[PDB]
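Below is one structure, written out as structure tokens, with a few remarks after it.
Residue numbers (PDB author numbering), protein chains in the order written: chain B, 0 to 480, 487 to 663; chain A, 0 to 480, 490 to 663.
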């Protein structure tokens, strides 16, 4: 009925959809198809149309006016003109006079030209006609989203402590390092629940090993942190150090579980341990094997993991180094002057994340050898899928905090996503704002962002406004790839206290959203669809059905412009400890927000619950909460033990009335 | 008692300011000075303090919360993290309770840590304690600016044709290309006045030559273009090609006009020609010899020039090239994996615009041999000085278009400044927006910006906004390194010409008054606590305020009106929409091909009819938009010469 599936060629099953829709046999109902140059789709948009989605992808919530290319890559520099971020979320709503949604179930290089070559023209293409095209009717954009949400399955749900706050640096290497963070926060009284561990804890960066020199009794140290409510969340990477003696290597080579070269040799890429191998994350039997190895950490009392470099990030193949060194040879000996620097420098960038490497290894998918580039956008998803499915087999009752980098629709069921990295800019505060609804639409709701940072290119004031946004993002971490190493820490504790008074509500909204296949964040145009101003707004988000966030994202700003499409109450989490309220009429306002003040808006006839600031998710008292909002309203607070897969019950639901 | 200079060590003479100020002998008034390591000045600033200044530098009108190093550099990428752009404009003003401006006259690397390390702390340090620090006192920040403007000497003025539109493409080579552009604009009646020639117009990139093959009768072709009111504005690079029998190479080598190595021989840098030398621009005689060279073109019909790669940019030195080749051949023989591919890649970056190479050559300042690094930030300035002084020595009564990349305060008296990288970002409309007040504080009034472009990445919408901004900027040009619905491009270029006479009058009034074109809102309305923080809007003249749209697919934008104002829009049909708005916050619809501006309580402005070149503009009978009963004093002159100080030049108009 409401969704149809138009199939071309022999599509590779991506297990995106948990609903098996059958192959509709009529002509494609929107625009022209052309298989002239591979495969192409061509909708002519009405001037008034808004394009929604593509999950994690550049630019605005309304995507018109630029190209975007589904292809999972590691740029570290996320500039206004890059075509490919980390995820490949192939789902867009054309919302205007004529309205529909289109998931493009394709695992390779998909190019979306949304009014870039020609401003009324929408053109999606790819090199091969082997893909499924799901077409989704609807009353409006939101409705189309909640349809798609139903068929991609339920979105992954995190343990409650994952809604706590989290610290990390890419440099912490000893017991002494982590201990400082602890001392740091706990002594100065800054709420925290998780500390992140980065590659340096690993035995020469080997996967599933801990440093035996700085961590001789690691499970004992894990207790020492857990005892203070400080769950360590270690990193895991796609590459496996080639090393004689090392088990994970030896088993992966013995048993044919690595991605191979065409002749059959285990392929070598080069990462943090240098010479790596990759798990063939599309061989179910290798997926199982890898997933199962996390048991080595879980057993030491680890309750959470994150995946990085699952693009897969390659620094250089064994092949690319050999041509590189050739060309440097030829360059060093040229005296006639015909190999200029820029071409030597260009071959250097060429060997990084090389399109020519991704055609040099293969996945063994139940009988078939399939060259990676054909299934490139599937590796991170399947790596994340290998972990989640191992959590079910290893401890089925308990939820683990899992979140990865590279992504694909279908992944949303096994962990979250962290929105990106590597420079500390103000434009990112807003770049990360506009990614959320799109991530929501494609089922990624447990997301959050990171402030890379060329040195300490991270100024006190950036960090505050940044944390101000994070307060609302289900994932909220500080990871320098501290609050207590600045001036006026009382300013940080305030922003972080605000997080913890909202943990009971934000969880309730996340849990409710996930269980019902609905949206945690929404653009304004989902909630106020018949207001032509509202629909064009790009820097304020609706969360659940109760509130509206408009973070400050300008440097040195002392407050920002807002439009309210209905009466709202203007709340400010104050440093002093109090909560200011002010009733604002529908429309255009300027609102004074201070670096140390965390802002939000309660809608007319609504209320949220607000706890007393606490120092960890365990010690939050969710009994006698104060009800902020409007003087009649009632709110439905979802709340569980927060550790187990136990969601359907009636004890969770509880109706609070202001 | 209004300005003081404090001298430390033995400060190089940079010819920044035209006024002599006597060395002061009392204490340093603000913060602390320290010679402990190099030189350092440290100020603890109030929570409310706004900091203005630094002309062409990063981020906002308020500098606070970041770091800025004056080190004229050529970076393709201009992201928020960059510390060095192209200018070395070392003027700052603290605007709070206590209020005072500083000019740090020092010619080398000068780091402004303006609340980046600690929020309360403004620290300004440098490596050799040999500099003048000028303190300007004053009531508002604005007076402190109007005072700095007096002592740095009057700004450059371009001929009036500069106030039209310019089109350009790097890669134009042949007559046929140019002819096309002429035809394009002229048959489709889009207004234009200048067609830029990038380095492809030369003969194997040789400074001061023309491609004898592509242009056999050059002055006749310059004449072809000028008869369509189209001045050619050719480019000139700092580097002079190394070539046997090359006329400017020959002269340069003989009588010792290039920068030399320490070993005593002429220093070699690779640029577009490959192996070049650098005219020693701090040496007064090479400046005369070099500047006089412009005569070549000026004698063919050319009436404006533009200088680039004048930091000076170095792709690599002969020394670098050898040390890199050295490293590769090792990388090439490594198997033990000790030389990593990122060391290789990193070594290749470093030999471009290299620190080591900037101290590899020297200058001959009147017989003293200074090492370039000690004065890096003046090179630009002086190359630009050389052509403008030459100009005075050819025809002191004719203005020549002149603009440069690099600069140091002082250059503002000689030409203007153009900003832009090779990228087309929405973020750059606001970046350039923010940049203009600050350049106007440092004398640089004739500035404009570029969508220097990643080539294909300029959409119709981004371009149409960029120009809508460029309408107001004195340099308006479309130089990308044909796009659909030409009828929207022309509407915007019309809005420009209709405003050319006001824009020009309000410009001339400023130039001659040691005053400001673009002012920040905090400068016109210093007691509005709200105004002093607006950054995305500007106060052109004393009549209007610009506030352009810089967000994609936006169909309007917020504004703050510090007082009551007329909301003027320049409609494509050619009409002008008009609406009164009260003091306070406002959303306003601005469609893609719409050009907006606000006119102030009891002010009005002159609006000409549509024209195609600046020459054919009916200024004698113009309409007045604005408020009934108000008066605008209009400046006009012949636009070509230096008959400024005349009272017939002004004419009061009344709406």
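Virtual Cβ for every residue (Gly too), placed ideally from N, Cα, C.
DSSP-derived helix/strand/coil call for residue i
i, result
"residue 464 of chain B", "helix"
"residue 537 of chain B", "coil"
"residue 419 of chain A", "coil"
"residue 552 of chain A", "strand"
"residue 205 of chain A", "strand"
"residue 271 of chain A", "coil"
"residue 614 of chain A", "strand"
"residue 229 of chain B", "coil"
"residue 572 of chain B", "coil"
"residue 316 of chain A", "strand"
"residue 189 of chain A", "coil"
C-alpha distance - residue i paired with residue j, whole-angstrom precision
i, j, result
"residue 81 of chain A", "residue 310 of chain B", "28 Å"
"residue 119 of chain B", "residue 43 of chain B", "6 Å"
"residue 263 of chain B", "residue 257 of chain B", "10 Å"
"residue 479 of chain A", "residue 180 of chain A", "14 Å"
"residue 336 of chain A", "residue 108 of chain A", "37 Å"
"residue 313 of chain A", "residue 347 of chain B", "21 Å"
"residue 121 of chain B", "residue 540 of chain B", "20 Å"
"residue 163 of chain A", "residue 234 of chain A", "18 Å"
"residue 149 of chain A", "residue 432 of chain B", "46 Å"
"residue 282 of chain A", "residue 363 of chain A", "5 Å"
"residue 330 of chain A", "residue 460 of chain B", "43 Å"
"residue 303 of chain B", "residue 293 of chain B", "10 Å"
"residue 16 of chain A", "residue 51 of chain A", "19 Å"
"residue 134 of chain B", "residue 527 of chain A", "54 Å"
When the options are compared against residue i, the one with the closest alpha-carbon
i, options, result
"residue 500 of chain A", "A:604, A:119, A:418", "A:604"
"residue 172 of chain A", "A:165, A:211, A:163, A:136", "A:211"
"residue 468 of chain B", "B:619, B:30, B:427", "B:427"
"residue 106 of chain A", "A:129, A:505, A:99, A:563", "A:129"
"residue 49 of chain A", "A:529, A:641, A:640", "A:529"
"residue 607 of chain A", "A:619, A:595, A:585, A:599", "A:585"
"residue 11 of chain A", "A:59, A:265, A:103, A:46", "A:103"
"residue 199 of chain B", "B:168, B:218, B:238, B:229", "B:168"
"residue 318 of chain A", "A:359, A:303, A:340, A:292", "A:359"
"residue 225 of chain B", "B:252, B:300, B:492", "B:300"
"residue 196 of chain B", "B:394, B:597, B:177, B:566", "B:177"
Any chance the stretch 580-594 of chain B sits against the stretch 638-653 of chain B, with 3 or more Cβ pairs inside 8 Å?
no
Using a Cβ-Cβ cut-off of less than 7 Å, give me the residues of the stretch 443-465 of chain B that come near chain A, in sequence order.
The stretch 443-465 of chain B vs chain A, Cβ under 7 Å: 453, 456, 458, 459, 460.
Got a sec: which bits of the stretch 115-136 of chain B sit with their beta carbon under 8 Å from any beta carbon on chain A, in order along the chain?
115, 117, 118
Quick one, which residues of the stretch 587-602 of chain B are near chain A if we go by CB-CB under 9 Å, in chain order?
592, 593, 594, 595
Can you find at least 3 beta carbon pairs, one from the stretch 389-408 of chain B and one from the stretch 140-159 of chain B, that sit closer than 8 Å?
yes
Quick one: which residues of the stretch 313-333 of chain A get their C-beta closer than 9 Å to a C-beta of chain B? List them in chain order.
Those residues of the stretch 313-333 of chain A that come within reach of chain B (Cβ to Cβ, closer than 9 Å) are 314, 315, 319, 320, 323, 324, 325, 326, 327, 328, 329, 330, 331, 332, 333.
Is it the case that the stretch 325-333 of chain A contacts the stretch 244-254 of chain A, given that we only count it when at least three CB pairs across the two stretches are under 8 Å?
no
So does the stretch 120-131 of chain A actually touch the stretch 452-462 of chain A, counting three or more Cβ pairs closer than 8 Å?
no
Note down, in chain order, all residues in the stretch 59-93 of chain A with a beta-carbon under 8 Å from any beta-carbon belonging to chain B.
59, 61, 63, 64, 65, 76, 78, 79, 80
Select from the stretch 408-427 of chain B all residues with a C-beta closer than 8 Å to any C-beta belonging to chain A, and list them in chain order.
422, 423, 424, 425, 426
Stretch-stretch touch, CB-based, cutoff 8 Å, three pairs: the stretch 405-419 of chain A with the stretch 378-389 of chain A:
Enough Cβ pairs lie closer than 8 Å, so yes.
Against chain B: residues of the stretch 560-580 of chain A by CB proximity under 7 Å
560, 561, 563, 566
Check whether the stretch 575-586 of chain B touches the stretch 553-560 of chain A, counting contact only when three or more Cβ pairs, one atom from each stretch, lie closer than 8 Å.
The stretch 575-586 of chain B, when compared against the stretch 553-560 of chain A, does not touch it at the 8 Å Cβ threshold.
Along the stretch 492-522 of chain B, where does the CB come closer than 9 Å to a CB of chain A? Name the residues.
492, 493
The stretch 298-310 of chain B / the stretch 298-309 of chain A touching (three or more Cβ pairs under 8 Å)
no
Does the pairing of the stretch 507-525 of chain A with the stretch 82-98 of chain A give three or more beta-carbon distances under 8 Å?
no
Would you list, in chain order, the members of the stretch 10-23 of chain A that have their beta-carbon closer than 7 Å to a beta-carbon of chain B?
Against chain B - using a Cβ distance shorter than 7 Å - the stretch 10-23 of chain A contributes no residues.
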